[PDB]
Amino acid sequence: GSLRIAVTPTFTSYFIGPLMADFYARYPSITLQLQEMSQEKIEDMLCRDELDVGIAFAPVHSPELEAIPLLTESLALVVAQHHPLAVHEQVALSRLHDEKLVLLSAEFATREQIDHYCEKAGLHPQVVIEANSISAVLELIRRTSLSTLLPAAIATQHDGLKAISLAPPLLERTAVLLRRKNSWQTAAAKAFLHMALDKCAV
Amino acid sequence: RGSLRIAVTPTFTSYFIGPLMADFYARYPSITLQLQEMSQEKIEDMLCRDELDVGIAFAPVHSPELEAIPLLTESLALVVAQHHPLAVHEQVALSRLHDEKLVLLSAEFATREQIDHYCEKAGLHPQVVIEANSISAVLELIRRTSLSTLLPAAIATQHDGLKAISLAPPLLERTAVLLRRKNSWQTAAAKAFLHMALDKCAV
Numbered sequence: 091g092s093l094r095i096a097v098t099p100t101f102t103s104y105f106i107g108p109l110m111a112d113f114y115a116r117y118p119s120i121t122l123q124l125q126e127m128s129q130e131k132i133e134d135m136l137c138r139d140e141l142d143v144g145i146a147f148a149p150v151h152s153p154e155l156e157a158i159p160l161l162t163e164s165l166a167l168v169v170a171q172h173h174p175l176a177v178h179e180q181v182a183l184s185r186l187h188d189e190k191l192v193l194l195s196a197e198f199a200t201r202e203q204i205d206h207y208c209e210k211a212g213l214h215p216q217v218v219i220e221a222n223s224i225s226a227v228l229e230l231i232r233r234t235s236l237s238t239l240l241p242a243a244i245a246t247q248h249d250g251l252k253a254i255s256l257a258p259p260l261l262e263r264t265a266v267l268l269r270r271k272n273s274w275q276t277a278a279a280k281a282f283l284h285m286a287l288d289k290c291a292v
Numbered sequence: 090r091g092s093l094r095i096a097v098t099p100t101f102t103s104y105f106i107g108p109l110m111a112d113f114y115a116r117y118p119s120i121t122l123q124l125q126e127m128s129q130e131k132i133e134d135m136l137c138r139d140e141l142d143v144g145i146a147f148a149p150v151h152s153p154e155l156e157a158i159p160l161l162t163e164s165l166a167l168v169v170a171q172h173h174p175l176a177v178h179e180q181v182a183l184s185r186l187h188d189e190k191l192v193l194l195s196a197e198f199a200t201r202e203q204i205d206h207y208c209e210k211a212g213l214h215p216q217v218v219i220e221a222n223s224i225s226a227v228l229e230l231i232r233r234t235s236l237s238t239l240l241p242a243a244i245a246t247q248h249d250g251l252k253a254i255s256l257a258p259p260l261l262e263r264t265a266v267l268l269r270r271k272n273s274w275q276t277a278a279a280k281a282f283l284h285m286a287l288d289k290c291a292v
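Following this line, the structure appears as structure tokens:
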């Protein structure tokens with residue numbers, strides 16, 4: 091194998107795709123392996139040299155891993171263009187109380203965070219639908235007048251979808267690139283790192 | 090105004106379940122829905138333990154306590170972007186796979202397993218340059234490259250930039266099925282769901 095990549099669920103919906111596409115077009119000779127998994131798994135596998143690169147969020151728990159700040163992803167209210175709030179670019183955080191949501195199941199870290207900071211903010215929106223797949227959530231949102239909580243970037247990837255900013259912010263996480271320290275990377279791994287970083291410089 | 094737990098195999102998530110769940114929700118907004126995609130072995134098991142109300146997978150069903158209602162016929166196609174050299178065709182010879190550089194689902198997936206099986210059976214050994222454990226990742230990769238993939242043609246009708254090329258002869262054809270535990274009485278939500286799923290397939 092030439093390059094094993096693992097990322098937490100959300101990056102699969104807007105980040106890793108465009109990146110691996112570019113990487114492949116540049117170094118077609120390198121075969122790629124991509125797996126979306128929980129940060130615990132990514133960290134574990136990187137320590138066991140079962141993965142070359144990882145993408146997750148701070149803080150990193152394993153001391154043997156190095157973390158390179160990638161980007162700051164903040165959750166937003168993702169809706170269809172026909173959702174009554176779509177007319178806005180930003181709405182009060184208090185708007186969530188009346189939102190009927192479609193959320194990822196507890197399995198996902200994002201959901202976990204949503205629950206934590208919602209209760210923290212005194213917000214208890216009604217979860218009418220739950221799914222264990224981001225795409226399913228997006229699919230349901232496109233066809234309904236419901237909403238979801240996901241990083242804003244995912245919305246820029248779909249026309250019928252729009253990300254509404256929350257004021258004040260519910261959750262903001264720092265995306266990071268993970269690799270095992272004191273471990274020499276292949277030329278592929280290094281070019282990967284570089285490219286990932288060049289993409290977040292815009 | 091209660092609940093309804095649904096589970097489907099990976100491929101249905103990318104074209105079937107979404108539109109159906111949205112319709113069901115608009116029709117019966119009081120019912121809270123639970124959707125989970127997983128291996129058929131898990132769906133079957135969970136249905137047996139009354140942990141799921143409805144399942145969607147393929148024939149043959151292994152568990153004898155489960156009932157199986159034929160839903161539709163899903164056949165694998167070569168899915169590519171519109172800028173893919175073969176996109177101009179609607180159907181191509183199965184032999185064209187030898188020259189295709191693919192992006193496929195990993196072994197974890199049943200579809201992948203099937204592909205590897207019938208490919209070998211057909212004497213086809215295409216080169217897999219990229220593997221992922223998510224259909225969306227595969228599709229995302231195909232849209233931005235000139236690579237192809239093997240997935241049920243329907244998936245393509247959900248994306249503009251994508252197109253499904255029919256294979257002649259066909260590589261794989263599976264029978265989609267609705268799963269529920271027999272001798273088990275369904276809720277009104279479960280029943281209405283079953284109905285809607287069938288109305289959508291002209292079944």
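Those sequence lines, one after another, are chains A and C.
Going by the entry's author numbering, the letters in the first sequence line up with residues 91 to 292, in that order.
Going by the entry's author numbering, the letters in the second sequence line up with residues 90 to 292, in that order.
Even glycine gets a Cβ: it sits at the ideal position worked out from N, Cα and C.
List the residues of chain C whose Cβ lies closer than 9 Å to the Cβ of residue 220/A, in chain order.
Those are 121, 122, 123, 124 and 125, listed as they occur along chain C.
Inter-residue CB distance, residue 235/C and residue 178/C (contact presumed, cutoff 8 Å)
About 15 Å separates the beta carbon of residue 235/C from that of residue 178/C, a gap too long to meet the 8 Å contact definition.
Check whether the Cβ of residue 273/A lies closer than 9 Å to any Cβ atom in chain C.
No, residue 273/A lies away from the interface with chain C (no Cβ there is under 9 Å from its Cβ).
Let me confirm a value: residue 116/A is counted as buried when at least 16 other C-beta atoms fall within 10 Å, else exposed. Which label applies?
Residue 116/A should be labelled exposed.
My output table needs one value for residue 237/A: the three-state DSSP class, helix, strand or coil.
The three-state secondary structure of residue 237/A, taken from DSSP, is strand.
Chain A partners of residue 103/C, CB-CB under 8 Å?
Chain A residues near residue 103/C: 225.
Three-state secondary structure assigned by DSSP to residue 147/C:
In the structure shown, residue 147/C sits in a strand (DSSP, three-state: E or B).
Can you give me the start and stop residues for the alpha helix (DSSP H) that residue 156/A sits inside?
Per DSSP, residue 156/A belongs to no alpha helix (DSSP H); it is in the beta strand (DSSP E), 155 to 170.
Check for me: the beta strand (DSSP E) holding residue 231/C runs from which residue to which?
That residue, residue 231/C, is in no beta strand (DSSP E); its alpha helix (DSSP H) goes 224 to 232.
With 16 other CB atoms within 10 Å as the buried threshold, where does residue 154/A fall?
Exposed: under 16 other Cβ atoms inside 10 Å.
So who's on the other strand from residue 200/A, going by DSSP bridges?
Residue 200/A has no beta-bridge partner at all, per DSSP.
Is the Cβ-Cβ distance between residue 100/A and residue 244/A less than 9 Å?
Contact flag set, yes.
Buried versus exposed call for residue 174/A [16 or more other C-beta atoms within 10 Å across all chains shown]:
Residue 174/A comes out exposed.
Roughly how many angstroms separate the alpha carbons of residue 250/C and residue 191/C, rounded to a whole number?
When rounded, the distance between both Cα atoms is 17 Å.
Near residue 216/C, which residues of its chain fall below 6 Å by C-beta distance, leaving aside the five closest residues on each side in sequence?
Contacts found: 190.
Would you kindly check if the distance between the Cβ of residue 237/A and the Cβ of residue 231/A is under 9 Å?
In this structure, residue 237/A lies closer than 9 Å to residue 231/A by Cβ.
Own chain, CB closer than 7 Å to residue 187/C, minus 5 neighbours either side, in chain order
Exclusion of the five residues before and after residue 187/C leaves 213 and 215 as the residues of its chain whose Cβ lies within less than 7 Å of its Cβ.
Name the one or two DSSP bridge partners that residue 130/A has.
Beta-bridge pairing links residue 130/A to no other residue.
What number of angstroms, rounded off, separates the C-alpha of residue 165/A from the C-alpha of residue 254/C?
Each residue's Cα considered, the two are about 38 Å apart.
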